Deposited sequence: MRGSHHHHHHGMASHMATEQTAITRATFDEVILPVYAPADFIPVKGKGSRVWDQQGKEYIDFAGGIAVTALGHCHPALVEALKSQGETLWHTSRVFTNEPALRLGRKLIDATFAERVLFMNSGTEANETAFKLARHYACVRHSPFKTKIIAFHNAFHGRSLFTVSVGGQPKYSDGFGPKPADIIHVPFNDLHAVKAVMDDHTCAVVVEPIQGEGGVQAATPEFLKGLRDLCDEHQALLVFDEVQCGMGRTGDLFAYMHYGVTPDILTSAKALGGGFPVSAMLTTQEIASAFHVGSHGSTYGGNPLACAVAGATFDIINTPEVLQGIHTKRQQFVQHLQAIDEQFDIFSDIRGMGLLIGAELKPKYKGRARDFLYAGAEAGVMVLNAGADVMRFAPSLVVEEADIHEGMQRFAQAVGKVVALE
């Protein structure tokens, strides 16, 4: 069930899209620590940002603001629909804050009985009791005692189902624009637009979990920009910090008033995230992501031409899913481990789907080399 690295695979060093273990074995990284290291390992600009801020100031309590946090808040506010930004340490915490805010906004602006949260099967929002209960895998929320109530799950991309359970007692709809863990499934524009319209009709808040698909991952800064559907609340993490734990909850003044346009934020985390933002939010990187996706997809199609293993290639930008044909159902972990043995680090998205989330600046030579290693791994699994 879970993927655990063996005792002879402990990462010790990373540089760009390359990782070395304790035995000095080199790997090409198409996993990014699960879409976290969006600028690769020990990127010079991020290392510089960490070092200079690390000489100056690391920490301030929630009582104070700081220059890195204010700078990052301003950048996010300028680049998005947001008017207010709250910083935490992780996407889980950001989601906690978003869900709590949606609940509290409904409580004070409308009714204390307006508590229903609508989420989707296969969703992943974190492992805290609240976020795992909003998440759509019962296996992970069972066995921890009474779960926070008034959370309803319906299938992803099923607008009819949402209409059926949505009413004036609904406070929030929570959705990943692309379900990364749940098979790399993208929302249809109809579905997402419908959620926006239903939330408007019922005065509920539309919450986008973009912890995985955000911060350039899709080729747009956020996935909502691709769809042209504006959420009420957005959460971001993982890539935001490039490997440093940091997260952000984005919303409007009107919504945030329910609780300088910024709250919290570790000085060191925000300095690093600012450097990450400055690189990712450029025409060069964002437009390069589409080129790179095409390069990965070409290799995946070539492997499929040789070995015939995939039924679907999907996702957006450098979040790539490759669904295994029915003859290879449940074999995703085996392809992953074979990949590792061949010196390439990949992901799963359930037992039937291969997932790739490499650095957004991954070099062409690394794309080529890693995919040749993955091709070799595939051969060992099927032939």
| query | finding |
| --- | --- |
| Deposited residues absent from the coordinates (by C-alpha) | 1-32, 292-296, 421-422 |
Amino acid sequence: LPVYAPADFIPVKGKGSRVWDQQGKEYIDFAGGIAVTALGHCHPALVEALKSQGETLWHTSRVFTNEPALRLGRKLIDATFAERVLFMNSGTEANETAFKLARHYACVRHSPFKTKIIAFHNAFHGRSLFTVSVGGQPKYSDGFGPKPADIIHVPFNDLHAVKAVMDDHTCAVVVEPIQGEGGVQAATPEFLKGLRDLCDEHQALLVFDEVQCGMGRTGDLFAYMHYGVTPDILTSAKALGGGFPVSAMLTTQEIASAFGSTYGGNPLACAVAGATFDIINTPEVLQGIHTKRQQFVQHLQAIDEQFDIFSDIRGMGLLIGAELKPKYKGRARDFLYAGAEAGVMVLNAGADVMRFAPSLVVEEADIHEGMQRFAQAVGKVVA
From here on, numbers count along this sequence of modelled residues.
{"property": "Per the entry, higher mean C-alpha B factor between 272-280 and 307-315", "result": "307-315"}
{"property": "Selected stretch [higher average CA B-factor]: 298-306 or 225-233", "result": "298-306"}
{"property": "Selection by C-alpha B-factor (highest) of 49, 324, 39, 35", "result": "324"}
{"property": "Maximum C-alpha temperature factor, selected from 208, 120, 140, 99", "result": "140"}
{"property": "Where the record places residue 330 (Cα B-factor, split into thirds across the chain)", "result": "highest"}
{"property": "Third of the chain, ranked by Cα B-factor, where residue 217 sits", "result": "middle"}
{"property": "For residue 169, the third of its chain into which the C-alpha B factor falls", "result": "middle"}
{"property": "Ranked C-alpha temperature factor of residue 163 among modelled chain residues, by third", "result": "middle"}
{"property": "Where the record places residue 355 (Cα B-factor, split into thirds across the chain)", "result": "middle"}
